[PDB]
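One chain comes next, on its own, written as structure tokens: the form deposited in one PDB entry.
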């Protein structure tokens, strides 16, 4: 069995290997990369996402989100308070202000210590979930707006044609902006490209151990667990690496830098934070190996998790017994 300790693997494809996206994902899995839940892909030196980032300041962040925490430093939830619209130029200036900028630090480990010590005492503002792309249309390799769609994968594997579309999303971050513990919708893959700016630190639980994280979360968030049998789908709960180690939960960590791709694999729980002003692009995708995870994915029916139009069909075809109840949640 390849990668039996479930370590995060780092790949350096050549320009020739970068041509065929599906084939390279399958290669990485042949080496055991999926067992970690997360892999890093460093593009060949010949590749670029676009020519420059000099002209992005007029992108609008229609609904910036202030991430307000409750709890203790290592075990907390966050809620998203909606703020007034601002441009990416306005948000970058805000991120760099004395109230929100990254503190002085020695290295990524010192900054990680500072994040876990102090996160709860501040409320950073995240420009998340913005439909769009920063890849140049002429970038032919690993262009996250030109991937094969999940609807087409389902159709190719299972024969059923379904409605829905699959497009990328932009994320503009600042120091302390936080992504809560989650798997993807319908336990899909994700791919995330850090276009510019400061790093993003990730934490991940191997897919084979995901239920250990769920059991800890039910213990640590006992009211939320009674409310919803899949409350991690709400994407609000944080648990620190120190707390995970104290409870014996297997996990790994890695820091993504500008110019690097990360891939999350089906049922790989992940969480993390941004080091300072940055911009990432991400999208969900599927392979043949996803189908069995999609069939088994948990679902939130309490009404909180509220998701895309295109998840309807995935539930309806892969999980017809759950369909009715899930759809009641969404209406």
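Positions refer to the first chain, counted from 1. We call the rigid core the largest set of C-alpha positions that still match within 1.5 Å between the two forms. Only residues modelled in both forms are compared.
One more form of this protein exists, namely the form deposited with a partner chain bound; it is left out here, but the text below deals with it.
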Query raised in the report: So which of 93-101, 194-202, 231-239, 110-118 is the stretch with heavy atoms within 4.5 Å of the partner chain in the bound PDB entry?
Result: 231-239
**Report entry** Distance check, residue 227 to the partner chain in the bound PDB entry, heavy atom within 4.5 Å
**Finding:** no
Query raised in the report: Does the partner chain come within 4.5 Å of any heavy atom of residue 282 in the bound PDB entry?
Result: yes
Report task. Decide whether residue 178 counts as a contact residue for the partner chain in the bound PDB entry under a heavy atom distance cut-off of 4.5 Å. Result -> yes
Requested in this report: Flag residue 219 as yes or no: does it have a non-hydrogen atom within 4.5 angstroms of any non-hydrogen atom of the partner chain in the bound PDB entry?
Outcome: no
Query raised in the report: Of these, 83, 80, 253, 105, which has a heavy atom no more than 4.5 Å from the partner chain in the bound PDB entry?
Result: 80
Query raised in the report: Quick one: in the bound PDB entry, does every one of 123, 214 and 243 get a heavy atom within 4.5 Å of the partner chain?
Result: no
Query raised in the report: Fit the core first: which of 157, 112, 257, 208 then shifts its CA by 2 Å or more between this form and the one not shown?
Result: 157
Query raised in the report: Rigid core fitted, is the C-alpha displacement of residue 323 between this form and the one not shown 2 Å or more?
Result: yes
Query raised in the report: Against the rigid core, is the Cα displacement of residue 313 between this form and the one not shown at least 2 Å?
Result: yes
Requested in this report: Kindly indicate if, in the bound PDB entry, the C-alpha atoms of residue 317 and residue 205 are closer or farther apart than in the structure shown, bearing in mind the change is 3 Å or more.
Outcome: farther
Query raised in the report: Between residue 325 and residue 302, do the C-alpha atoms lie closer or farther in the bound PDB entry than in the shown form, with a difference of 3 angstroms or more?
Result: farther
Requested in this report: Report the moving segments between this form and the one not shown: consecutive residues, 3 or more per run, each with a CA shift of 2 Å or more after superposition on the core, given in sequence order.
Outcome: 149-165, 225-227, 306-331
